[PDB]
Each structure stands twice: as structure tokens, then as C-alpha cells.
Amino acid sequence: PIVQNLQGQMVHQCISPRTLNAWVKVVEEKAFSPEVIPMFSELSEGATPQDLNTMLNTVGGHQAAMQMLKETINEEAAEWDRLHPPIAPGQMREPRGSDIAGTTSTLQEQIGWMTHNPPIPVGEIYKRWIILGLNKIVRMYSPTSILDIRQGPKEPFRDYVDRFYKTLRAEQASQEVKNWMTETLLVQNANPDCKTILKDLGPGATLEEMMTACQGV
Amino acid sequence: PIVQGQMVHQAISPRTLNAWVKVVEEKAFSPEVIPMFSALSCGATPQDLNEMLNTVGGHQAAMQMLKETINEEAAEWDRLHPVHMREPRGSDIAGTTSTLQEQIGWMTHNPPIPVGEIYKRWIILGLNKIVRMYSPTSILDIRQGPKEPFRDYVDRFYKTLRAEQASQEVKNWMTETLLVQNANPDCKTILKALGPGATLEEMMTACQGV
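A. Region of interest: the overall build of chain A. Across its full length, chain A carries eleven helices and two strands. Its C-alpha atoms give chain A a radius of gyration of 22 Å, more than 25% over the compact-globule value 17 Å for 217 residues.

B. Examining unusual backbone geometry more closely. In this model, A:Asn117 is joined to A:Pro118 through a cis peptide bond whose omega is 5 degrees. Here A:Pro118 is to be found in the loop between helix 6 (107–114) and helix 7 (122–141). Cis geometry is adopted by the peptide bond preceding B:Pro111, which originates at B:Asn110 and carries an omega value of 5 degrees. Among the structural elements, B:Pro111 can be located in the loop between helix 6 (100–107) and helix 7 (115–134). A positive phi angle is found at A:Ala31, which is not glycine, with a value near 65 degrees. Relative to the helices and strands, A:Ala31 resides in the loop between helix 1 (17–30) and helix 2 (36–43). For A:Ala31, a relative accessible area of 25% corresponds to the partly exposed category.

C. Quick peek at the state of the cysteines. Tallied over the entire structure, the rule returns one disulfide over all chains. Between the sulfur atoms of A:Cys14 and its disulfide partner B:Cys42 the distance amounts to 2.0 Å. The S-S bond linking A:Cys14 to B:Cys42 shows a torsion near -85 degrees; that makes this disulfide left-handed. Of the two residues, A:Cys14 is situated in the loop between strand 2 (10–12) and helix 1 and B:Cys42 in the loop between helix 2 (33–40) and helix 3 (46–54); the pairing between them involves two chains. As a non-bridged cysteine, B:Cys187 has B:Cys207 as the owner of its nearest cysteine sulfur, 3.9 Å distant. Here B:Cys187 falls in the buried class, since its relative accessible area comes to 0%.

D. Broad picture of the interface of chain A and chain B. Each side of the interface is counted separately: chain A has 22 residues, and chain B has 20 residues. When residues of the side of chain A that touches chain B are traced back to their parent elements, those giving at least two are helix 1, helix 3 (49–57), helix 4 (63–83) and helix 7 of chain A. For the side of chain A that touches chain B, the element with the most residues is helix 4 of chain A, which contributes seven residues. Here the side of chain A that touches chain B is built from residues that sort into ten nonpolar, seven polar and five charged.

E. Fine view of the nonpolar core. Grouped together as the largest cluster of nonpolar side chains are 83 residues, with contacts concentrated most on A:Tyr126, A:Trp129, A:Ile130, B:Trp20, B:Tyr119, B:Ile123 and B:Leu179. Among all residues touching A:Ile130, those that are not within four sequence positions of it are A:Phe40, A:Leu52, A:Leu56, A:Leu69 and A:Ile73. Within the second largest apolar cluster, 16 residues are counted, among which are A:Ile149, A:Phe157, A:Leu168 and A:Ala190.

F. Just the domain arrangement of chain A, in detail. Looking at chain A, the domain boundaries give domain 1 (2–141) and domain 2 (147–213). Using C-alpha coordinates to define each centre, domain 1 of chain A is positioned 34 Å away from domain 2 of chain A.

G. Structural view of the packing of aromatic side chains. All names here are of chain B. Under the defined criterion, the tally for this structure stands at nine aromatic pairs over all chains. An angle of 55 degrees between the planes, with centres 6.4 Å apart, marks the rings of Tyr-153 and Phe-157 as tilted. Here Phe-157 and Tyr-153 lie together in helix 8 (residues 150–162), a separation of four residues that amounts to about one turn. There is no split in this pair, since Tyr-153 and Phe-157 are both buried.

H. Region of the structure containing the environment of B:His109. Along the chain, B:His109 turns up in the loop between helix 6 and helix 7. Between the C-alpha atoms of B:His109 and B:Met85, which are 24 residues apart in sequence, the distance is 8.8 Å.

I. Broad picture of a nonpolar patch on the surface. Together, A:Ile197, A:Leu201 and A:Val217 give the surface a local cluster of nonpolar side chains, amounting to about 230 Å² of exposed area. On the accessibility criterion, A:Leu201 (36% relative accessible area) is partly exposed.

J. The domain arrangement of chain B, seen in detail. Entries for chain B in the domain assignment read domain 1 (2–134) and domain 2 (139–206). For domain 1 of chain B versus domain 2 of chain B, the separation of C-alpha centres amounts to 36 Å.

K. Looking closely at the side chain of A:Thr167. Residues and elements named next belong to chain A. Mapped onto the elements of the fold, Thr-167 is located in helix 8 (residues 157–170). Judged by relative accessible area, which is 18%, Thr-167 ranks as buried. Not counting residues up to four positions away in its chain, the partners in contact with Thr-167 are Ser-145, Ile-146 and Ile-149.

L. Structural view of the pattern of salt bridges. In total, this model carries 13 salt bridges over all chains according to the counting rule given. Salt-bridge contacts for A:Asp99 lead to A:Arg93; the nearest nitrogen and oxygen are separated by 3.2 Å. A:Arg93 sits in the partly exposed class, given a relative accessible area of 37%. Among the salt bridges present, the one from B:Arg156 reaches B:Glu148, with a minimum N-O distance of 2.8 Å. Each of the salt bridges in this network shares a partner with another, and the network as a whole consists of A:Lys25, A:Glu28 and B:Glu26.

M. Quick peek at the packing of helix 6 of chain A against helix 7 of chain A. All names here are of chain A. Orientation of helix 6 relative to helix 7, taken along the N-to-C sense of each, is 105 degrees, at an axis distance of 8 Å. As summarised for this structure, helix 6 and helix 7 are arranged roughly perpendicular, according to the angle between their axes. Between helix 6 and helix 7, the contacting residues are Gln-110, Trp-113 and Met-114 on the first element and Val-122, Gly-123 and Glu-124 on the second. In the contact of helix 6 with helix 7, the residues fall into three nonpolar, two polar and one charged.

N. Here's a closer look at the packing of helix 4 of chain A against helix 8 of chain B. Helix 8 of chain B packs onto helix 4 of chain A with a crossing angle of 70 degrees between their chain directions and a minimal axis gap of 7 Å. In terms of orientation, helix 4 of chain A lies roughly perpendicular with respect to helix 8 of chain B. Contacts from A:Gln63, A:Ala64, A:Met66 and A:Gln67 of helix 4 of chain A reach helix 8 of chain B at B:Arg151, B:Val154, B:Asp155, B:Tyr158, B:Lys159 and B:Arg162. The class makeup of the residues in the contact of helix 4 of chain A with helix 8 of chain B is four nonpolar, two polar and four charged.

Calculation criteria
Residues numbered from 1 in each chain as written, not as in the entry; some residues may be left out. Chains lettered and ligands numbered in written order. Heavy atoms only, no water. Residues with missing side-chain atoms left out of burial classes, pairs and counts. Helix = DSSP H or I, 4+ residues; strand = E, 2+ residues; numbered from the N terminus. Rg over C-alpha atoms; globule rule 2.2 N^0.38 Å. Buried < 20%, exposed > 50% of the residue type's maximum accessible area, 1.4 Å probe, protein only. Disulfide = S-S within 2.5 Å. Contact = heavy atoms within 4.5 Å. Nonpolar A, V, L, I, M, F, W, Y, C, P; charged D, E, K, R; others polar. Core = buried A, V, L, I, M, F, W, Y, C linked by side-chain atoms within 4.5 Å. Domains from an automatic or database assignment. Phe/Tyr/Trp six-rings, centres within 6.5 Å; stacked < 30°, edge-to-face > 60°. Patch = residues over 30% accessible without salt bridge, like charges linked within 9 Å, V, L, I, M, F, W, Y side chains within 5 Å. Areas by Shrake-Rupley, 256 points an atom, 1.4 Å probe, with all protein chains shown as cover. Salt bridge = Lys/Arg side-chain N within 4 Å of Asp/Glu carboxyl O. Axes fitted to C-alpha atoms, helices over the stretch in contact; angles between N-to-C directions. Parallel < 35°, antiparallel > 145°, perpendicular 65-115°, else oblique.

The following block contains the structure:
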């Protein structure tokens, strides 16, 4: 991945054994639960397409999913080539579909594009395609989302919030949609007693005040 | 390994050594060991590559097969680039007849001679042959069982294909063709009905019930 040096300059570092081991084990244990998808993105902090491809190839099982991912990437790469189709002296060349995915580009070339002025985020673009592909497979497994989280009649408020934000962190939605989810679904899907209390608090209270209000009940 | 201020030599980390040895036991003969290699061996010198080789304890038959492939590639190297900073011969790239200082000189020269990457390439070629040996059956014999879930058949299909020596054109032709013909009668009939323009997602979802 790419990180800043002790001075402003951007430098590449070899992907760490800790990162490599964390990702493979996540796939083994969790399989394709939605929490796998953000967990990926946490490990692909400024990762190059080479590193992204490395991470994908290190996965041993679930080869059906890996092949479906490859199909989705090829579709996105085809669209990229459609939209962004000569010789420039000592300049960075234009990436095609396959170049962003690291199949036709070298490690040195990717570094050139990502550290260029203006920067060409081939790493972020490829990560987007992977996550798009990561969305398809997780959709297939067992269609579950934040909208299914409902407080049990006797369930402590604290544990319901825990389940809420665990699911919420894994749901693909913009920050605008996510904030709407926070202020709305958590209140409505509470149990009758706590819901009545949360409705009584008014629409301007922090989570601290909400949780302390439903502490007794 | 070698990393970038100025590029300098670093000793291989105990974390890297430990991670690799455990992979080998756990991975066994899974193909995914090959890409995992290429990650832990980032800018490694021939000295580091030799260390990693010796870190494998078991499966000594595979180690000798690897050594055979390395010797073949070293002989071909000597054929094409006859030696007269000195020029590296076959045996120098593998780190058996070269010193650490010689390896560092070649890798950090201007222009750089990537002896580390060349040795890595030869090892991966050999690791492919070993994985090929360890893969028990060729792609063409994989057939879906009468009661076998489609998902498990596809998993076996593409795991085998990943180990098959073929170009991307040959490999893509295998994908779009062999998977469809070798399905069981119920799934075959459904996949035929999809038409010749469906993605794998649609194929997999189609044979989900049966």
C-alpha cells in the first residue's frame, strides 16, 4: 500500500504479513457475512491493484464466489474502456479496463499513476469494482440487512444498539443514508415500552440520553 | 528483503518466517500457497529465498522436484547469457554460488539486475509443477454428482481450473464450455435453457433449487 513518509513524500511499502494473515483468516471464519465486506476495505487502505490482486488470490476456498467476482470486475473494466478510450513524451499513459485491475499493468506503472499530479486513483477504482463484486456475492448468501434488527420484548436496549451498529457498519449506503438510518430506524424498531420513552424524549437527543432513558425499562 | 530514504538490505523478519512455515503445513497442497509466496517474498534477495526454501520441513520429494526445475532453468540461463561488477551466471542467481554482497550489488545496480525476481520466477514455475502433481485430477474429469449441490461442483471446477496450465484464451474457453456440458441431467437442462449469454451468477442461481 501507499503511505506518507516522515516527510510529505508518498512511498510504497510491501504489504505486511499481519495484513495478509488477517484477511485470509477473516474469509475462513466468517465466509460471506456482510461484515466481511467493510473488513476488506479496512485492510485495503491505499492498497495498489497488485496488493488487491494478491489478497484475492490468497483466498483458498469459495472459488465459485471468486469466479463471480472476476466476472463483475471484467464487466466494470469493459464499461471503463467504453467511457475512457497517440503518443505522449515522458508522460503517464491512459489506463484501460484491464490496466486498473492489474492484469495488464506493472507495479511500477500503478505507482506512477497513483502518485501523479493530477493523481489517477486506479487503486480506489479497482477497490470500488471489488466491493461492487463483493456486494453481489453477499447478496446471494442470505439476504439480511439493518431493516431486520428489531428489539425483543425483554431484550436490553444496550444489546439491541450493539446489534444495530454491528449491522449498520456493514450496510452499503452513503453517509446521508446512514445518518438517516441512525436517527430513524433505531427509534421505530424498539419495543413498545422503550419506543414510547424514546418518542417522549423528542427528536434532538444524543444516544447517551436515549440509552439512559431506556435503562430502567 | 530490500525496501526504500535510500534502498537498503533488511534481514528477513521472524514474523515472515513463522507465517510462511505455518502456511505450508496448513495449506498443504492447496494452490493458494503460490500467490501467498509472492506476497511474503516482496523484494527478497536470493539469500532470503533460500532461507524460505529450507523452512519447509516435510514433503521432501517436492523439494527435490523443485531443485530439478531450478537446475533446468539455471542451465538455460547459462546457455543464453554466457559470462566472460561481474556478470551473473546460472548458479549466482540461485544464491548457492553468490554472496550477500554480490546479490545486493546486482539488485541495487544502475541499471538494476533483478536476480531476486528472476529466482522467484523460477521457484514459482517449480511450485506450479509441484501443485500440478498434487492436484489429483485434470479439469476434464470433474463431473457433477447426481445429488451434488451446484455450488460444490462449481467450487471443485474452478479450484481445478486454477491449477491448469493453459492460456487465458484456452482457460476462458474451458470456463464457458466445460462447466455447462459436464453438469447432471437436471442442471444441464436448466443451464441449456438460460441461453449462451448468461453470467455465472445467473447460472448458479438457476440450479439453486435442484
